[PDB]
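Pasted below: input22.txt, compact mmCIF, C-alpha atoms.
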# COMPACT_ATOMS: atom_id res chain seq x y z
CA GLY A 1 46.75 11.81 134.39
CA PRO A 2 44.52 12.45 137.47
CA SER A 3 42.68 15.46 135.95
CA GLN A 4 42.81 13.76 132.46
CA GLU A 5 40.54 10.99 133.95
CA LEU A 6 38.21 13.81 135.19
CA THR A 7 38.22 15.54 131.74
CA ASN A 8 37.39 12.10 130.24
CA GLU A 9 34.23 11.86 132.44
CA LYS A 10 33.06 15.37 131.39
CA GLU A 11 33.69 14.40 127.67
CA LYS A 12 31.65 11.16 128.25
CA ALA A 13 28.70 13.07 129.86
CA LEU A 14 28.49 15.41 126.82
CA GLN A 15 28.54 12.38 124.51
CA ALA A 16 25.82 10.61 126.66
CA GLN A 17 23.51 13.73 126.32
CA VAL A 18 23.94 13.61 122.49
CA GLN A 19 23.05 9.86 122.49
CA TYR A 20 19.96 10.45 124.68
CA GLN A 21 18.61 13.18 122.31
CA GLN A 22 19.20 10.82 119.31
CA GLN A 23 17.39 7.88 121.07
CA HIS A 24 14.48 10.18 122.09
CA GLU A 25 14.08 11.34 118.44
CA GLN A 26 14.36 7.73 117.15
CA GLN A 27 11.65 6.48 119.61
CA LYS A 28 9.32 9.32 118.37
CA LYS A 29 9.94 8.40 114.69
CA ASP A 30 9.38 4.63 115.34
CA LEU A 31 6.13 5.35 117.28
CA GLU A 32 4.77 7.66 114.43
CA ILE A 33 5.55 4.89 111.88
CA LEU A 34 3.69 2.27 114.01
CA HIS A 35 0.82 4.80 114.27
CA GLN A 36 0.51 5.28 110.47
CA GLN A 37 0.34 1.44 110.09
CA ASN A 38 -2.38 1.33 112.80
CA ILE A 39 -4.61 3.92 111.01
CA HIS A 40 -3.75 3.05 107.35
CA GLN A 41 -6.58 0.60 106.55
CA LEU A 42 -9.14 2.68 108.51
CA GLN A 43 -8.19 5.95 106.66
CA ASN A 44 -8.52 4.13 103.31
CA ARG A 45 -11.96 2.55 104.20
CA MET A 46 -13.09 6.04 105.36
CA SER A 47 -12.12 7.80 102.13
CA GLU A 48 -13.78 4.99 100.12
CA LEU A 49 -17.02 5.28 102.19
CA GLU A 50 -17.05 9.10 101.82
CA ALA A 51 -16.76 8.79 98.02
CA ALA A 52 -19.52 6.09 97.90
CA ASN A 53 -21.73 8.44 100.03
CA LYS A 54 -21.05 11.39 97.66
CA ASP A 55 -22.10 9.17 94.72
CA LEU A 56 -25.28 8.00 96.51
CA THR A 57 -26.29 11.60 97.45
CA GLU A 58 -25.78 12.60 93.75
CA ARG A 59 -27.90 9.56 92.61
CA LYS A 60 -30.66 10.52 95.15
CA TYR A 61 -30.95 14.08 93.69
CA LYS A 62 -31.32 12.61 90.14
CA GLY A 63 -33.98 10.21 91.53
CA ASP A 64 -35.96 13.13 93.00
CA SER A 65 -36.06 14.96 89.63
CA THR A 66 -37.12 11.71 87.82
CA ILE A 67 -39.99 11.34 90.39
CA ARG A 68 -40.96 15.03 89.75
CA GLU A 69 -41.07 14.43 85.91
CA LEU A 70 -43.08 11.21 86.35
CA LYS A 71 -45.68 12.75 88.69
CA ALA A 72 -46.22 15.69 86.26
CA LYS A 73 -46.50 13.25 83.27
CA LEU A 74 -48.95 11.06 85.25
CA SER A 75 -51.07 14.11 86.24
CA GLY A 76 -51.32 15.17 82.55
CA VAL A 77 -52.47 11.67 81.39
CA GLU A 78 -55.00 11.34 84.34
CA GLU A 79 -56.58 14.76 83.32
CA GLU A 80 -56.66 13.70 79.62
CA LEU A 81 -58.35 10.40 80.70
CA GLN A 82 -60.93 12.49 82.66
CA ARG A 83 -61.80 14.70 79.63
CA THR A 84 -62.15 11.57 77.37
CA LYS A 85 -64.49 9.79 79.89
CA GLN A 86 -66.69 12.96 79.99
CA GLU A 87 -66.62 13.04 76.14
CA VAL A 88 -68.01 9.43 76.18
CA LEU A 89 -70.86 10.48 78.57
CA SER A 90 -71.68 13.49 76.38
CA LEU A 91 -71.69 11.31 73.21
CA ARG A 92 -73.88 8.60 74.81
CA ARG A 93 -76.44 11.33 75.80
CA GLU A 94 -76.39 12.74 72.19
CA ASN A 95 -76.77 9.27 70.65
CA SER A 96 -79.79 8.43 72.86
CA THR A 97 -81.64 11.67 71.90
CA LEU A 98 -80.88 11.15 68.16
CA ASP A 99 -81.91 7.43 68.37
CA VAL A 100 -85.36 8.28 69.89
CA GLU A 101 -86.01 10.79 66.98
CA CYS A 102 -85.36 8.08 64.27
CA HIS A 103 -86.94 5.13 66.14
CA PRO B 2 40.15 15.05 143.90
CA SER B 3 38.75 11.47 144.22
CA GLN B 4 35.48 12.84 145.75
CA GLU B 5 35.04 15.03 142.59
CA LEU B 6 35.53 11.84 140.49
CA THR B 7 32.96 9.91 142.61
CA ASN B 8 30.60 12.94 142.11
CA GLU B 9 30.89 12.62 138.27
CA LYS B 10 30.11 8.88 138.38
CA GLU B 11 27.09 9.61 140.69
CA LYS B 12 25.92 12.35 138.21
CA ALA B 13 26.22 9.97 135.18
CA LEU B 14 24.07 7.36 137.02
CA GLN B 15 21.48 10.08 137.76
CA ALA B 16 21.52 11.28 134.08
CA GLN B 17 20.70 7.70 133.00
CA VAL B 18 17.78 7.48 135.46
CA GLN B 19 16.44 10.82 134.06
CA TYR B 20 16.87 9.80 130.38
CA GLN B 21 14.92 6.59 131.13
CA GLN B 22 12.08 8.44 132.91
CA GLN B 23 11.93 10.89 129.92
CA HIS B 24 11.90 8.02 127.37
CA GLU B 25 8.97 6.39 129.21
CA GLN B 26 7.10 9.73 129.56
CA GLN B 27 7.44 10.52 125.80
CA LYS B 28 6.02 7.03 124.95
CA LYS B 29 3.03 7.47 127.37
CA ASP B 30 2.28 10.99 125.96
CA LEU B 31 2.44 9.73 122.34
CA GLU B 32 0.15 6.80 123.24
CA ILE B 33 -2.45 9.16 124.70
CA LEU B 34 -2.33 11.33 121.49
CA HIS B 35 -2.46 8.30 119.18
CA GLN B 36 -5.37 6.70 121.11
CA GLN B 37 -7.25 9.96 120.90
CA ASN B 38 -6.72 10.09 117.13
CA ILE B 39 -7.72 6.42 116.63
CA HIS B 40 -10.99 7.08 118.63
CA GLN B 41 -11.73 10.15 116.38
CA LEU B 42 -11.13 8.08 113.18
CA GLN B 43 -13.30 5.20 114.53
CA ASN B 44 -16.10 7.71 115.35
CA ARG B 45 -15.94 9.29 111.87
CA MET B 46 -16.04 5.79 110.36
CA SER B 47 -19.22 4.90 112.35
CA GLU B 48 -20.90 8.14 111.20
CA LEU B 49 -19.99 7.42 107.53
CA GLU B 50 -21.48 3.89 108.01
CA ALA B 51 -24.74 5.35 109.43
CA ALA B 52 -24.90 7.93 106.60
CA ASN B 53 -24.41 5.06 104.09
CA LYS B 54 -27.21 3.00 105.70
CA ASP B 55 -29.51 6.08 105.47
CA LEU B 56 -28.53 6.68 101.81
CA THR B 57 -29.08 3.06 100.78
CA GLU B 58 -32.58 3.19 102.38
CA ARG B 59 -33.40 6.43 100.49
CA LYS B 60 -32.07 4.91 97.24
CA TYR B 61 -34.47 1.92 97.73
CA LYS B 62 -37.45 4.26 98.46
CA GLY B 63 -36.71 6.55 95.51
CA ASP B 64 -36.15 3.65 93.03
CA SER B 65 -39.25 1.75 94.19
CA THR B 66 -41.32 4.99 93.90
CA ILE B 67 -39.94 5.42 90.31
CA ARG B 68 -40.87 1.78 89.51
CA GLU B 69 -44.44 2.24 90.90
CA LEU B 70 -44.89 5.53 88.96
CA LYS B 71 -43.76 4.05 85.60
CA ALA B 72 -46.14 1.04 86.06
CA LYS B 73 -49.02 3.35 87.16
CA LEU B 74 -48.34 5.60 84.11
CA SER B 75 -48.42 2.56 81.74
CA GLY B 76 -51.77 1.44 83.26
CA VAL B 77 -53.36 4.93 82.79
CA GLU B 78 -51.96 5.26 79.18
CA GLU B 79 -53.52 1.85 78.37
CA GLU B 80 -56.89 2.84 79.95
CA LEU B 81 -56.72 6.17 78.00
CA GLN B 82 -56.20 4.29 74.66
CA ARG B 83 -59.27 2.07 75.37
CA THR B 84 -61.45 5.13 76.23
CA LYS B 85 -60.21 6.99 73.08
CA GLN B 86 -61.37 4.02 70.92
CA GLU B 87 -64.78 4.16 72.73
CA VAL B 88 -65.02 7.92 71.78
CA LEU B 89 -64.16 7.10 68.09
CA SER B 90 -66.83 4.37 68.03
CA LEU B 91 -69.43 6.74 69.63
CA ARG B 92 -68.51 9.61 67.20
CA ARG B 93 -69.09 7.18 64.27
CA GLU B 94 -72.52 6.22 65.76
CA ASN B 95 -73.22 9.98 66.27
CA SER B 96 -72.33 10.75 62.58
CA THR B 97 -74.61 7.97 61.19
CA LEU B 98 -77.53 9.07 63.45
CA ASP B 99 -76.90 12.80 62.59
CA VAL B 100 -77.15 12.09 58.79
CA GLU B 101 -80.51 10.20 59.23
CA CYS B 102 -81.75 13.15 61.41
CA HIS B 103 -80.37 16.54 60.20

Would you write the structure of this file as structure tokens?
Amino acid sequence: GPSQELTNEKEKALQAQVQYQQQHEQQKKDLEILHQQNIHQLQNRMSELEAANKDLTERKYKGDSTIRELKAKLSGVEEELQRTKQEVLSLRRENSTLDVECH
Amino acid sequence: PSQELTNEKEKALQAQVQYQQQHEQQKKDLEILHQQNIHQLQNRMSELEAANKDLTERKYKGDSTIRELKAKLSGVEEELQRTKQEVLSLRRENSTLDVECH
């Protein structure tokens, strides 16, 4: 068959186009898989570092409110100390005047 | 008839050349995209590392400030207790002198 040999070549060319498309799709899939393996460890270390940062930022806010409570507590005690020291001065002054009137 | 056959074999050789150029071009394009993505991930990683360094430094500063405040507060509470006992002693002296006087 002279034309049967020609029809065989046209059949072959259609089959070769199908094979090309399959090989082009397979190369894409293989490259995406290699890519995922390349970024896997880095994506995991990134998510871990974001969560550690979220926890630290949360801890920092708690630390600020603790500092605020401590400063206000300290200011109250420093003022109380001031009014007790002045009470001592007042009492020393009173004691001296009373002591001169007996002695 | 034979020239038409030689034309089909010439065409098939050309289709193979094209498929090969296309296979290479898809790989190069994917590599550019993947390299771009890797650079973005690496950049985000370096900014999370810098944010973590900054947070760890703030955590040290906050915690050390808390530690200093608690120790300062204990010192003042202790000094207050001493002064309060001095007031009690002076009020006792004031009461004994006041009874001898008025």

- prompt: Would you list which chain A residues are within 7 Å of chain B using all atoms listed in the file, as an MDAnalysis selection string?
  reply: chainID A and resid 6 9 13 20 24 35 39 46 49:50 53 56:57 60 63 67 70 74 77:78 81 84:85 87:88 91 95 98:99 102

Work out where the centre of an axis-aligned box around every listed atom of region 10-23 of chain B lies and how long its edges are once 8 Å is added on each side; give both in Å to one decimal as AutoDock Vina command-line options.
--center_x 21.0 --center_y 9.5 --center_z 135.3 --size_x 34.2 --size_y 21.8 --size_z 26.8

message: Report, in Å to a single decimal, how far apart CA of residue 54 (chain A) and CA of residue 65 (chain B) are.
response: 20.9 Å

query: What is the distance, in Å and to one decimal place, between CA of residue 72 (chain A) and CA of residue 59 (chain A)?
result: 20.3 Å

For CA of residue 40 (chain A) and CA of residue 58 (chain A), the interatomic separation in Å (one decimal): 27.6 Å
